[PDB]
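A.B. asks: Before I ask anything, here is the structure I am working with.
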Amino acid sequence: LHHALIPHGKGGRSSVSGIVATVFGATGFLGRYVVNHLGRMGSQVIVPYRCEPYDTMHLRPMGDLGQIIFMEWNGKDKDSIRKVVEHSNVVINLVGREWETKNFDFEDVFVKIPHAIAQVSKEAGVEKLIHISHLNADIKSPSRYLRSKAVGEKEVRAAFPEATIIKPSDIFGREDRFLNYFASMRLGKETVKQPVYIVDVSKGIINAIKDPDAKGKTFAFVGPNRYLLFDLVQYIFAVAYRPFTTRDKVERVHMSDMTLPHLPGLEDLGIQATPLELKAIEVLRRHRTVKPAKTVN
Amino acid sequence: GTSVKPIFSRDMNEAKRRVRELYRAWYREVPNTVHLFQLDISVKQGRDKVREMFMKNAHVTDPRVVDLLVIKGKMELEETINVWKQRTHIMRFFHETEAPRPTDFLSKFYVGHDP
Amino acid sequence: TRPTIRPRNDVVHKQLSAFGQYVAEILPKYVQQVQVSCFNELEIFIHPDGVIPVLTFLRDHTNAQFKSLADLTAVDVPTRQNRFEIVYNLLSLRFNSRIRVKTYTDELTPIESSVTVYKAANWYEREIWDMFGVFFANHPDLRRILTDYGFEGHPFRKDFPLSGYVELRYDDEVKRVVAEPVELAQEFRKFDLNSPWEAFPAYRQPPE
Amino acid sequence: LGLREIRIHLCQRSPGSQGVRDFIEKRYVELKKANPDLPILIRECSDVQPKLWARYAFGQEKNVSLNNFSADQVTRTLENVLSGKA
Amino acid sequence: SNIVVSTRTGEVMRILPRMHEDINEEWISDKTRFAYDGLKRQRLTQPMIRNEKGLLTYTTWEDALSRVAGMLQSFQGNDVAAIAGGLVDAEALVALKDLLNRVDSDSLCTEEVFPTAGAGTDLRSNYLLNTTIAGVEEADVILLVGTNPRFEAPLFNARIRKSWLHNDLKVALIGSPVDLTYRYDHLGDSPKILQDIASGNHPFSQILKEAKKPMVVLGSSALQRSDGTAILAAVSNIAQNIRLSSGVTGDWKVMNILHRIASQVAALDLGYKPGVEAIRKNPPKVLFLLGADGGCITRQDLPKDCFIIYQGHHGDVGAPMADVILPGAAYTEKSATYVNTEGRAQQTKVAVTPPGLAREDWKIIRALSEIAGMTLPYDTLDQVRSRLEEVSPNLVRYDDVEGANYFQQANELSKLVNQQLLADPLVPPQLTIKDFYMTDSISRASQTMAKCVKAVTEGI
Amino acid sequence: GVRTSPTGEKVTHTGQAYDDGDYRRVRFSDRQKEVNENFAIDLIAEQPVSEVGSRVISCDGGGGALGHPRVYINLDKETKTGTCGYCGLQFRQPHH
Amino acid sequence: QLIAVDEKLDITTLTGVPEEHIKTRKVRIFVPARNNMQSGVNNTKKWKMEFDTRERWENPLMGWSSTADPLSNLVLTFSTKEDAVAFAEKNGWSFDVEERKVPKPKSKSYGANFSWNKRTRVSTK
Ligand SMILES: NC(=O)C1=CN([C@@H]2O[C@H](COP(=O)(O)OP(=O)(O)OC[C@H]3O[C@@H](n4cnc5c(N)ncnc54)[C@H](OP(=O)(O)O)[C@@H]3O)[C@@H](O)[C@H]2O)C=CC1
Ligand SMILES: [Zn+2]
């Protein structure tokens with residue numbers, strides 16, 4: 001196991017966990033939680049950042065001295081990926097943009113970059129690769145985002161046969177784009193949503209890293225309760241004490257949440273999914289200046 | 001013999017009385033503490049935590065020790081009443097950032113040498 | 001004794017010994033011992049119950065009037081049954097002199113608070129309670145003064161570890177400062193500096 | 001049910017081990033003549049009651065106290081243990 | 001001998017002597033002093049299992065423990081077996097005893113051979129140094145049979161030399177004319193001289209007759225040569241003749257046995273069967289090598305597809321012939337109980353922690369039992385030592401050397417068999433200084449001991 | 001005398017260099033490894049051996065109070081040369 | 001004015017030590033052995049109470065020696081063994097006590113070196 005990688009300590013800040021993890025897209029909403037969960041337990045995190053060094057500054061106190069190493073990269077080049085994942089044994093893929101840019105479309109973000117990452121990871125000898133796709137990802141879907149996810153998920157599994165795919169279902173959190181999106185508005189009764197908490201997704205990724213038998217498996221990370229869109233927005237506006245993103249976001253948010261009973265979930269990794277009723281107040285206490293919504297099961 | 005000097009009580013009955021009075025005050029305070037410090041826990045959780053803290057010291061069989069713990073708990077209560085603490089001090093009672101340390105022998109054996 | 005040795009004062013030694021006699025004679029109920037060191041420091045060892053009475057007498061007597069309380073502290077000697085040693089340092093401006101009063105206690109026996117005699121002692125006593133866990137009865141407001149709010153333990157006790165038990169950092173998950181068990185990147189190096197071959201024969205103890 | 005070994009714990013100086021001691025010094029030899037393959041361990045206690053252990057198949061063990069037992073009583077209980085009779 | 005391990009930043013720096021007036025006084029042997037170098041070399045740090053090509057590859061604790069528990073559940077009874085090495089503590093020994101007892105197995109064997117005929121290991125004084133190391137200072141004549149104590153027990157020989165210098169103690173040797181650093185009366189080499197002394201013909205019988213505090217010491221090396229029963233019977237006969245003719249001077253305990261490995265007395269007190277002949281009579285299908293590195297049992301002395309588990313701390317002659325390798329702790333990395341040839345039980349302390357993924361030996365056995373469903377009752381070290389007290393109460397008295405003298409029973413039990421002696425002179429393994437340095441796995445992996453052997457073979 | 005590892009890393013005067021499988025090499029990516037080029041062992045090997053016609057010679061390292069403590073070296077063994085314990089300079093009696 | 005209550009002293013609930021640093025630690029009470037590199041005996045006079053060694057690992061950066069137990073450097077000094085046992089008992093620590101080892105008196109004689117008939121006669125001095 002290459003002695004330098006043997007775990008040591010009591011699982012603390014200055015301990016060693018034997019995890020050399022390269023977290024692509026660590027500067028996002030999910031990336032900060034993933035990096036924090038990795039670094040609070042003694043693992044080394046390599047972070048590749050396209051953006052200014054100032055943006056990443058928040059991550060600095062997430063690990064002990066020398067445990068977090070920042071390097072620059074770009075998806076268009078393979079040498080940068082090779083030098084970033086050269087020494088890692090775990091590669092986590094969190095790259096993803098919800099919209100379109102003049103240099104990166106959904107095909108660039110969700111297909112080419114993950115495929116190149118998986119190919120380089122396989123070439124370099126990375127033991128484990130974890131990929132993030134969507135719960136609603138299928139080739140036939142009208143939305144480009146979901147359609148792109150399906151093509152990418154397939155091509156990654158082709159490149160890295162023993163990769164682990166995680167399909168979170170509409171993550172919500174303190175910096176999320178769901179509850180913030182509906183609380184900033186200040187069409188429904190047919191769309192049902194299945195949100196999942198951000199801490200649960202991060203712990204699921206960590207457990208999938210620590211779980212040996214989850215090599216080729218695929219997971220669907222879903223919350224405890226299913227909510228209609230209308231009464232969920234009603235609850236969101238009630239918590240904020242309020243009276244009651246171009247084209248792809250609306251078409252994706254009016255799309256109902258799929259159900260995949262065959263795929264293993266968070267409970268198979270040992271995570272009790274946290275109900276949205278506990279964390280809604282935590283997220284929405286800042287939008288201010290109780291009667292939870294009914295759930296369908 | 002073994003004569004010792006009292007702090008507040010003469011026997012264990014008065015110590016129990018003081019413990020009950022302190023528990024009364026803490027139970028009264030939990031709702032105002034949760035509301036004022038803007039905790040994300042429920043008043044049920046805070047009161048259960050108070051119960052757990054009081055239960056930690058249930059095996060004490062010495063009035064001097066018991067009313068010394070009562071004095072300490074009263075100091076803590078006065079800290080919480082006057083808002084001398086912050087959210088961080090109050091939140092610590094819950095260890096929400098610490099990984100669950102396992103108890104079974106097999107799990108401990110795998111992680112390391114610490115018994 | 002050539003220039004490298006501290007000069008000795010016999011007159012002050014005699015005067016302090018005489019005043020030790022005087023204080024001893026006046027208060028036989030509480031005083032247990034009187035000592036005058038080689039560097040002319042006079043200390044009186046008394047019973048804990050005499051703290052209010054001994055302190056009041058030193059301050060008010062026409063021959064003592066030790067009206068100033070320079071310092072009040074405690075010393076931890078775990079080998080003793082009465083663990084803590086409470087020390088009072090008093091200054092008299094009238095006679096330009098200093099006195100020391102020593103007392104003993106343990107974990108569960110309180111000491112009478114001398115805030116009534118000296119207003120200076122108030123904060124001092126609080127510090128002792130914060131640092132050693134010595135309780136003072138009838139203290140106007142006894143609580144921690146130096147340690148963090150919610151800090152468990154008394155750091156200046158000899159069995160308290162140097163780095164304590166918990167340490168603070170910032171957690172972005174809970175978005176707040178949290179306290180976790182202490183882990184050190186480099187552990188403190190304990191040095192065995194003491195040598196054999198005793199240095200001062202005048203303090204040799206009987207071999208029992 | 002099959003016996004695999006016995007262990008006799010006796011104290012060297014305690015009065016309660018007195019008769020137990022005599023057992024060995026009288027007749028342990030004879031015991032070993034009858035059982036050429038059963039391990040009879042003899043061990044020494046201190047400030048603890050004398051005791052005889054019997055170990056069966058699958059690691060089962062039963063212990064019996066021999067405090068103030070004479071040589072006759074120890075011989076009888078050893079016979080009962082060896083024969084299997086209760 | 002008591003030592004002090006000096007560490008710094010969790011690394012062993014040196015071994016110093018520690019004063020025990022009754023065991024080693026103030027000295028330690030060069031092996032004790034300088035063989036700590038091997039603790040940093042040839043170490044086993046991670047569990048290993050055999051892959052498809054047949055090679056040993058690293059794997060986690062769960063994999064190796066499950067693979068061992070599978071075979072432990074599949075087989076039962078006499079098909080399972082165990083061998084104890086020379087550096088094993090009482091806790092691991094009793095753990096293995098209980099683990100195989102839950103499988104109905106008594107095949108607990110040790111590499112060192114002690115004759116089991118008659119009393120065997122039933123009477124403790126039958127395999128101890130009843131005179132004790134200190135008591136050598138009170139003897140006035142000593143007889144050594146087939147030993148080279150200068151290398152087998154250097155501090156024992158140092159005490160003998162001190163008594164020779166100060167008490168005019170007279171020494172006689174039956175064995176090869178080795179150098180013992182003092183003049184001794186070489187009675188001869190052939191073992192039959194013992195019988196001659198038993199007969200009364202040889203004048204040394206008269207010499208031992210007139211002694212107030214005689215002493216006969218027999219080493220286990222002379223008990224290895226397949227004449228252990230006969231030689232032990234002859235020595236016990238000599239002791240019986242001395243006690244019977246000269247009379248019982250008191251509690252002098254003439255009969256003495258000098259041991260050579262650290263784990264022998266602890267194993268014998270726990271009911272282990274000395275020798276490995278029980279393995280030879282009933283070859284097992286799965287074998288536990290609890291630190292066994294002597295090469296007494298190879299794969300030729302075992303059936304095909306034999307499952308061999310090695311639990312130890314150095315890769316040595318025992319490791320490459322195994323199927324599952326479980327890394328254990330060394331004597332400097334665990335609080336462990338060892339019993340010396342005097343029968344005195346002493347406990348070590350934890351100086352460093354086992355490197356890598358290595359763990360405490362008894363913890364390894366307990367976890368393996370808990371996997372296979374035969375969960376051992378004890379969880380912590382205090383409970384293990386309570387179990388040890390139940391099995392043998394003398395293993396918890398940590399400085400006592402006193403014990404009962406049951407010489408008469410063991411002597412009369414040895415007269416049943418009448419096995420004959422070979423016509424082979426007694427030749428100890430430790431013939432010269434070059435054979436003293438390399439003795440066990442820690443010494444063999446030591447570079448300093450290699451330098452010492454090189455210097456002895458050719459000096460500069 | 002700086003060398004180079006098979007992987008490409010420079011070898012320090014202490015001989016340290018990460019092996020091929022060691023992840024810690026990641027710390028040197030896009031950066032450099034701090035290595036001293038002047039090896040003291042090679043530099044002291046280049047010094048001449050002095051020849052003094054006395055059995056005992058004293059060395060303070062040069063500079064007087066700016067050197068090391070004074071030591072005395074015996075030069076009676078003709079098979080080798082006397083080496084200062086602090087400075088490393090070598091001395092010798094004039095053989096032949 | 002005096003309770004005159006009878007119970008063994010146990011202050012574990014007042015010291016603030018974490019739970020697992022009381023019921024898992026094993027303290028050792030002993031008189032430290034004399035260093036064999038020196039002949040002085042002034043360091044073997046008092047009794048020391050120390051704790052059991054826990055794991056020390058390597059820091060991935062700088063390769064230092066990291067620890068996770070706070071009581072790794074705690075050593076306490078007592079006049080008598082009874083004082084140490086009392087302290088450990090009132091603090092709730094399970095302890096192991098070792099009895100003090102004293103070098104036995106010895107009979108030294110300079111004249112024995114020059115013996116007429118004994119083996120104590122030294123070859124050189
Ligand atoms: N709604 C949700 O929260 C859940 C998201 N999805 C998946 O989860 C993944 C990440 O989650 P999330 O935190 O919400 O996403 P974010 O928008 O918060 O962050 C996107 C991450 O990917 C990086 N990134 C994005 N585009 C590029 C690019 N063209 N080149 C290099 N790096 C890039 C970002 O770096 P930078 O900031 O510098 O651009 C950033 O690190 C995504 O891939 C998404 O598909 C899973 C289910 C729902
Ligand atoms: Zn020099």
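In the structure tokens, each chain is lettered A, B, ... as it comes, each chain's residues begin at 1, and ligands are numbered from 1 in order of appearance.
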Neighbouring residues of ligand 1 are defined here as those with any atom at most 6 Å from a ligand atom, counting only C-alpha atoms and all ligand atoms; list them as a list in words.

C.D. replies: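 Written in the requested form, the residues are residues 25, 26, 27, 28, 29, 30, 31, 50, 51, 74, 75, 94, 95, 96, 97, 104, 109, 132, 133, 134, 168, 169, 170 and 171 of chain A.
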
A.B. asks: Given a cut-off of 12 Å, which residues of chain G touch chain F, counting only C-alpha atoms, written out as a CSV table (one decimal) with N, CA, C and O atoms, in the first residue's frame?

C.D. replies:
chain,number,residue,atom,x,y,z
G,59,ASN,N,4.5,13.4,10.5
G,59,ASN,CA,3.8,14.4,9.8
G,59,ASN,C,4.2,14.4,8.3
G,59,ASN,O,5.4,14.3,7.9
G,60,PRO,N,3.2,14.4,7.4
G,60,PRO,CA,3.5,14.3,6.0
G,60,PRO,C,4.4,15.5,5.5
G,60,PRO,O,5.2,15.3,4.6
G,61,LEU,N,4.2,16.6,6.1
G,61,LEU,CA,5.1,17.8,5.8
G,61,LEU,C,6.1,17.9,6.9
G,61,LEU,O,5.8,17.8,8.1
G,62,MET,N,7.4,18.0,6.5
G,62,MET,CA,8.5,18.2,7.5
G,62,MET,C,8.9,16.9,8.2
G,62,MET,O,9.9,16.8,8.9
G,63,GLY,N,8.1,15.9,8.1
G,63,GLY,CA,8.4,14.6,8.7
G,63,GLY,C,8.5,14.6,10.2
G,63,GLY,O,9.3,13.8,10.8

A.B. asks: Where does DSSP see helix (DSSP H, G or I) in range 178-369 of chain E, if you list the residues as a PyMOL selection string?

C.D. replies: chain E and resi 192-199+204-209+220-223+228-246+264-269+277-281+361-369

A.B. asks: Considering only C-alpha atoms, extract the chain B residues located within 8 Å of chain C and return them as a short mmCIF file (atom, residue, chain, number, x, y, z; two decimals) with N, CA, C and O atoms, in the first residue's frame.

C.D. replies:
data_model
loop_
_atom_site.label_atom_id
_atom_site.label_comp_id
_atom_site.auth_asym_id
_atom_site.auth_seq_id
_atom_site.Cartn_x
_atom_site.Cartn_y
_atom_site.Cartn_z
N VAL B 4 -15.78 16.48 57.35
CA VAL B 4 -15.42 17.40 56.28
C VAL B 4 -16.30 18.64 56.40
O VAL B 4 -17.37 18.62 57.00
N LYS B 5 -15.82 19.74 55.81
CA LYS B 5 -16.46 21.04 55.98
C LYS B 5 -17.47 21.29 54.86
O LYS B 5 -17.14 21.13 53.69
N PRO B 6 -18.70 21.69 55.20
CA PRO B 6 -19.72 21.89 54.16
C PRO B 6 -19.42 23.09 53.27
O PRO B 6 -18.76 24.05 53.67
N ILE B 7 -19.93 23.02 52.04
CA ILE B 7 -19.90 24.16 51.13
C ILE B 7 -21.23 24.88 51.22
O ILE B 7 -21.29 26.05 51.62
N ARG B 64 -20.58 17.52 48.64
CA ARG B 64 -19.63 18.57 48.27
C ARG B 64 -19.40 18.58 46.76
O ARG B 64 -19.47 19.64 46.12
N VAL B 65 -19.17 17.41 46.17
CA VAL B 65 -19.02 17.34 44.73
C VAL B 65 -20.30 17.81 44.04
O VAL B 65 -20.26 18.53 43.04
N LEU B 68 -20.80 21.51 44.21
CA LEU B 68 -19.79 22.17 43.38
C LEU B 68 -20.17 22.10 41.90
O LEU B 68 -20.03 23.09 41.17
N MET B 75 -22.90 28.93 37.10
CA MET B 75 -22.00 29.82 36.37
C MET B 75 -22.27 29.76 34.88
O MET B 75 -22.34 30.79 34.20
N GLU B 76 -22.42 28.54 34.35
CA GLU B 76 -22.71 28.38 32.92
C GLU B 76 -24.05 29.01 32.56
O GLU B 76 -24.18 29.66 31.51
N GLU B 79 -23.67 32.68 32.37
CA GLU B 79 -23.02 33.01 31.11
C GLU B 79 -24.02 33.04 29.96
O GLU B 79 -23.99 33.93 29.11
N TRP B 84 -23.07 36.29 27.41
CA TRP B 84 -21.62 36.41 27.39
C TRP B 84 -21.00 35.43 26.40
O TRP B 84 -19.95 35.72 25.82
N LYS B 85 -21.62 34.27 26.21
CA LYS B 85 -21.18 33.34 25.18
C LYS B 85 -21.69 33.78 23.82
O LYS B 85 -22.44 34.74 23.68
N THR B 88 -21.10 29.92 18.82
CA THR B 88 -20.08 28.89 18.79
C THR B 88 -19.94 28.18 20.14
O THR B 88 -19.80 26.96 20.18
N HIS B 89 -19.98 28.92 21.24
CA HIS B 89 -19.86 28.31 22.55
C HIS B 89 -21.04 27.38 22.84
O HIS B 89 -20.87 26.28 23.36
N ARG B 92 -21.11 24.05 20.59
CA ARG B 92 -20.12 23.04 20.92
C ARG B 92 -20.75 21.87 21.66
O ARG B 92 -20.34 20.73 21.46
N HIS B 95 -21.16 18.80 19.21
CA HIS B 95 -20.10 18.04 18.54
C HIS B 95 -20.48 17.67 17.11
O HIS B 95 -20.24 16.56 16.64
N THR B 97 -19.27 18.51 14.36
CA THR B 97 -18.17 18.43 13.41
C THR B 97 -17.27 17.22 13.64
O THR B 97 -16.32 17.02 12.88
N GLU B 98 -17.54 16.42 14.66
CA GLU B 98 -16.68 15.31 15.03
C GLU B 98 -17.20 14.01 14.44
O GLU B 98 -18.40 13.72 14.54
#

A.B. asks: Provide the CA of residue 455 in chain E to CA of residue 443 in chain E distance in Å, to one decimal place.

C.D. replies: 15.8 Å

A.B. asks: Identify, counting only C-alpha atoms and all ligand atoms, the protein, DNA and RNA residues located within 6 Å of ligand 2, and give them as a count of residues only.

C.D. replies: 8

A.B. asks: Residues of chain D within 7 Å of chain E, using only C-alpha atoms, as a PDB file with C-alpha atoms, in the first residue's frame?

C.D. replies:
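The resulting file, result.pdb, is shown below:
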ATOM      1  CA  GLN D  12       1.479 -22.648  49.065  1.00  0.00           C
ATOM      2  CA  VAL D  29       1.582 -39.716  41.574  1.00  0.00           C
ATOM      3  CA  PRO D  39      -2.846 -33.067  31.585  1.00  0.00           C
ATOM      4  CA  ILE D  40      -3.267 -32.325  35.292  1.00  0.00           C
ATOM      5  CA  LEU D  41      -1.769 -28.846  35.630  1.00  0.00           C
ATOM      6  CA  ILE D  42      -0.763 -27.827  39.162  1.00  0.00           C
ATOM      7  CA  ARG D  43      -0.533 -24.091  39.819  1.00  0.00           C
ATOM      8  CA  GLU D  44       0.000 -21.877  42.852  1.00  0.00           C
ATOM      9  CA  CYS D  45      -2.268 -19.073  44.065  1.00  0.00           C
ATOM     10  CA  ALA D  57     -14.551 -30.230  24.286  1.00  0.00           C
ATOM     11  CA  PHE D  58     -15.211 -26.928  22.492  1.00  0.00           C
ATOM     12  CA  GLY D  59     -13.471 -24.986  25.243  1.00  0.00           C
TER      13      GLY D  59
END

A.B. asks: Using only C-alpha atoms, which protein or nucleic acid residues come within 12 Å of residue 104 in chain G? Drop anything in the same chain fewer than 5 positions from it, and give the result as a ChimeraX atom specification.

C.D. replies: /E:19-22,25

A.B. asks: Give the residues of chain G that lie within 12 Å of chain E; count only C-alpha atoms, and format the answer as a VMD selection string.

C.D. replies: chain G and resid 23 to 28 32 to 39 44 51 to 59 63 to 67 72 94 to 108 112 to 113 115 117 to 122

A.B. asks: What is the distance, in Å and to one decimal place, between CA of residue 245 in chain E and CA of residue 208 in chain E?

C.D. replies: 10.2 Å
